[PDB]
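Undergrad: Here is my input, please return the structure:
(chains A, B, C, D, E and F)
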There are 6 protein chains.
Amino acid sequence: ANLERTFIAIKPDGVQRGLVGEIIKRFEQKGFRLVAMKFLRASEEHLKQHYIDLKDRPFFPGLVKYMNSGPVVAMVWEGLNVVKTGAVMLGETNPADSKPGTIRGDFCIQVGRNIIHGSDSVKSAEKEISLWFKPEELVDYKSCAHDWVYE
Amino acid sequence: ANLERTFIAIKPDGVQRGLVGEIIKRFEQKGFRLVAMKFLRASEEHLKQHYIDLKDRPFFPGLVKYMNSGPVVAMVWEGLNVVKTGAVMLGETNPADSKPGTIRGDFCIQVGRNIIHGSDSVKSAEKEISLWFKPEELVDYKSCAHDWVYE
Amino acid sequence: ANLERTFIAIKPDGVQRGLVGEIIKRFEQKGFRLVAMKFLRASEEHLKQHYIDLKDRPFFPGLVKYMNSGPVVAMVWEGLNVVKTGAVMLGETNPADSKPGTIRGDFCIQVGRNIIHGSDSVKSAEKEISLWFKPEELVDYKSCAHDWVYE
Amino acid sequence: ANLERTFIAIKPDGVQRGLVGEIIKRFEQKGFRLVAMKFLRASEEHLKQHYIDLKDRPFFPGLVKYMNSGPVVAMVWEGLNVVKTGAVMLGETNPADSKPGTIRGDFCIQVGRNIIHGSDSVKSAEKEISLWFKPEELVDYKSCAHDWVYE
Amino acid sequence: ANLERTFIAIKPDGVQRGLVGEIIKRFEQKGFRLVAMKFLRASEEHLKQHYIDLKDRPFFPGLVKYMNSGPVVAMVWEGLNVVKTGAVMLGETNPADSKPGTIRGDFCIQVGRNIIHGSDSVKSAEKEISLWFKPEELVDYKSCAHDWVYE
Amino acid sequence: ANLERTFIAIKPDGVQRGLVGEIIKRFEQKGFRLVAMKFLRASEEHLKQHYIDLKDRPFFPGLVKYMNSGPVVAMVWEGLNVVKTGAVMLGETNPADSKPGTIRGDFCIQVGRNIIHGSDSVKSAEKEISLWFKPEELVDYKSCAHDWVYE
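TA: Numbers count the residues shown, from 1 in each chain, chains lettered A, B, ... in the order given. Here you go, the structure:
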């Protein structure tokens, strides 16, 4: 009954390279419902919170600097298995392993410029939704094609 | 030689979700030849015959009712290995497993609303072609690009 | 006036050149409803009835020859002002006078190879629909997006 | 000149019909800079402020109704003559007068379901921007391709 | 008449902004025949020859500097009225005046960064083809779809 | 490393079937840099050198015949791991094994009409580049988006 949500952020390279519309189209055409969306330059402290699990990695400062180097598009999407399916659609974390047809497979080359983030679990998703969105920014509506996407 | 043919049907949800053009385009761009095509609401009797091998399964009444709940686009496509290759282009029957780049992978979420049918064997293909089309609704012509698609 | 219908045929060149999906997509995305569709080689006799107002013109033989030279995709589309708007979408009769973004403007060059026909008036649409389709081939269903296309 | 901004809102019909990505791609590909974006159900109050110059009009309570009937994507885009040019890109107010190639020409049919709003003048834009966005929601960054879009 | 040629050049901003595939696709989809294509950084001397008519204009040095500032894609396309029709497809010289659906209307903003050049007459085309291409770089072949593009 | 180059040739079938723009777009959008491009009918003598290793095979004559039967688009592309990644983008040598989302998977059917060639190694690539291009045909410039594709 198809209420799972995931957090997806188009990274500053995705914005800079003019991919926002293309990426959103992929999620819309698949049948997922856009729940929330905002555009911002994320603060350093916010990004450190987001990537708290990577804080002791040598690449972490560079990741935070890159993730703050331009605006991101932050989104929440709803649908059956949106967490795992969203991850499939994005492609492997490293664009190198990413297959053609996927977002990273189609559009990027290096892991440190891999255009998009998607939650890696339901638990991570709910943390990330809380971090990036106030509850009232999550919009409840019913898609007109819902009964053709779901039995 | 006379090339292999497959039966492709765009299901009520694929029509409803506005994917008819997108789907046909993928077959045309691959180099397959459209042999036949019609748009209809398949009667429950016609669907009972299409799914006759499933007449004793518990889901059969619901399947037939669903498949009768909107029009389908019924098609025959020709080409080398079109049955197997068409099936790959459609993706796995469960969209949860279908890869980005495939029809079901790109455009749908749940197996009960999986937008499209393709024949699963040459046997099944000929069965399906004979059921859904009169032999005179199958058009013979040579694609202008045939000698660039086939040696 | 939202039940108006037009007759659209993809001409033999439009089929040969692989434009069936593209064409259908433009009608779907606009919000029009597909009512009927089939794929056939129209007989010379059928085409003489379609072009009956022109039977005494010198270009008649060549017109019927062209329209019979391969299969066409015959369609009925429904919506508010679909006749006039559909015509605008197609472009002008001469592709050279058809603007970029129209079907003829984007996809063909010469008036005698102008890929697509659309009815020129409601009167001609009603005539053409009857000629090419039996009433039982016209499917009645409601678009899930209807209430977002129409007030 | 180059720092002009306009207010673009994708109406509830454009969201419902899966056109958000499509619309953003058009502005991206043109060379305009996205300054702000958010997704929200606009309150009846907010909408009455936005349409305050029609309070005393027949069509007001149902307009405010439609515009509150689903979420909208509110955006601020920057560029030379973006107000006038954005308007041309959207098409005419009535989709029936909107040329193929424009957003309304391509995607919708009826004036009460015309998918998108754009500012009608520079003064209107600065009014709309200040109504719909906090100043801190407007992001200042430089497009990597700026020097290839502008002398 | 179907053997007319035109010179089309993607300017350095069109290459930088990743529009080469898109542009070529528009010409291919129209039915025109690619006759010659090369990628180069045009020399200052070459450019001064190309713009010989404007050699006494104040802006000529800056124009040559721009046009030398990155590579261009130089092309020759063949077809009926391709000089005039190519021009239409590109849009007006000033992207402010170019309509949605045209190359310039869809993809650029400022006249100085107007992404593409096409010949303005048969005489200009022949001059430009002689300047930019060696005779042996124009390739003779017949499109497989020629009889479907031309009567 | 980031300055690796590969050789990509769009075979005569790829040109004939109007896939030049589509192919180039896939490389552009990935973030690879176009270094060199020309369009020619490769002579039997040139193709004999290109396939020199296969000169004693029974299929060699028909291979050369095919590859000389129309023009090709020869390209050099640059970027990190572009040889291997380019290969993945193209799909397997046999279109039957090529996944949807790949060039051969999406656009062709038979191994002997498989639309495109890419280098199979760095060694091969440099050999092919020397054969197909003069060194002065390889253009040095920096992509405006370089710093958003690469760390």
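Undergrad: can you give me the strands for chain A?
TA: Secondary structure of chain A (DSSP state E): strands at A:5-10, A:33-40, A:72-78, A:116-118.
Undergrad: the inter-axis angle of the first one versus strand A:72-78?
TA: Just to be clear, that refers to strand A:5-10. Angle, strand A:5-10 to strand A:72-78, by axes from the mean of the first three to the mean of the last three CA atoms, to 10 degrees: 160 degrees.
Undergrad: Note down every partner strand of strand A:5-10 and its orientation.
TA: When pairing is defined by DSSP bridges, strand A:5-10 lines up against strand A:72-78 (antiparallel), strand A:116-118 (antiparallel).
Undergrad: Dump the ones you listed to CSV, plus mean neighbour count.
TA: For every residue, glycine as well, the C-beta is placed using N, CA and C. Listed next are the strands paired with strand A:5-10 as CSV, based on neighbours: other CB atoms under 10 Å in any protein chain shown:
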stretch, mean neighbour count
strand A:72-78, 24
strand A:116-118, 23
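Undergrad: can you put those in JSON lines and add distance to residue C:127?
TA: Putting these into JSON lines (distance: least, CB to CB, whole Å) gives the following:
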{"stretch": "strand A:72-78", "distance to residue C:127": "48"}
{"stretch": "strand A:116-118", "distance to residue C:127": "53"}
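Undergrad: Mind checking these for the one nearest to residue D:90?
TA: Nearest to residue D:90 among the strands paired with strand A:5-10 is strand A:72-78 (21.4 Å), distances taken as CB to CB.
Undergrad: Quick one: closest of the strands paired with strand A:5-10 to residue A:147.
TA: That would be strand A:72-78 among these, by CB to CB, at 15.3 Å.
Undergrad: ok, and what's touching that closest one?
TA: Under the criterion CB atoms under 8 Å, 6 or more residues apart in numbering or on different chains, residues A:2-12, A:14-15, A:20, A:24, A:27, A:32-42, A:86, A:129, A:132-133, A:138, D:37 lie in contact with strand A:72-78.
Undergrad: which among these end up buried?
TA: Buried members of these, scored by 16 or more other CB atoms under 10 Å in any protein chain shown, are A:2, A:4-12, A:14-15, A:20, A:24, A:27, A:32-40, A:42, A:86, A:129, A:132-133, D:37.
Undergrad: As PDB, could you dump the C-alpha coordinates of stretch A:53-73?
TA: Output in PDB follows, covering the C-alpha atoms of stretch A:53-73 (Å, rounded to 0.1, in the frame of the first residue of the first chain):
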ATOM      1  CA  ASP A  53      28.300   8.100   8.700                       C
ATOM      2  CA  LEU A  54      31.300   9.100   6.500                       C
ATOM      3  CA  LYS A  55      32.800  11.700   8.800                       C
ATOM      4  CA  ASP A  56      36.000   9.700   9.600                       C
ATOM      5  CA  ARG A  57      36.800   9.000   5.900                       C
ATOM      6  CA  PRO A  58      39.700  10.800   4.300                       C
ATOM      7  CA  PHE A  59      37.400  12.100   1.500                       C
ATOM      8  CA  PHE A  60      34.900  13.600   3.800                       C
ATOM      9  CA  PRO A  61      36.100  17.200   3.800                       C
ATOM     10  CA  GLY A  62      36.300  17.200  -0.100                       C
ATOM     11  CA  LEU A  63      32.800  15.700  -0.200                       C
ATOM     12  CA  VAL A  64      31.400  18.400   2.000                       C
ATOM     13  CA  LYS A  65      33.100  21.100   0.100                       C
ATOM     14  CA  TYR A  66      31.800  19.800  -3.200                       C
ATOM     15  CA  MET A  67      28.300  19.300  -1.800                       C
ATOM     16  CA  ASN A  68      28.300  23.000  -0.700                       C
ATOM     17  CA  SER A  69      29.900  24.300  -4.000                       C
ATOM     18  CA  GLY A  70      26.500  25.000  -5.600                       C
ATOM     19  CA  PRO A  71      22.800  24.600  -5.000                       C
ATOM     20  CA  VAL A  72      21.200  21.200  -4.800                       C
ATOM     21  CA  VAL A  73      17.700  20.100  -5.600                       C
END
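Undergrad: how about that stretch: buried residues?
TA: A:60, A:63-64, A:66-73.
Undergrad: count of neighbours near residue A:83?
TA: 21 (other CB atoms under 10 Å in any protein chain shown).
Undergrad: Same question for the one 4 residues further on.
TA: Applying other CB under 10 Å, we find 19 other residues in the vicinity of residue A:87.
Undergrad: now do residue A:52
TA: By other CB under 10 Å, the residues close to residue A:52 number 11.
Undergrad: State the phi and psi torsions of residue A:57.
TA: phi -90, psi 140 (degrees, to the nearest 10).
Undergrad: how far away is it from chain F?
TA: As judged by CB to the nearest CB, to the nearest Å, residue A:57 and chain F stand 15 Å apart.
Undergrad: Quickly note the distance from that residue to residue B:91.
TA: 36 Å (CB to CB, to the nearest Å).
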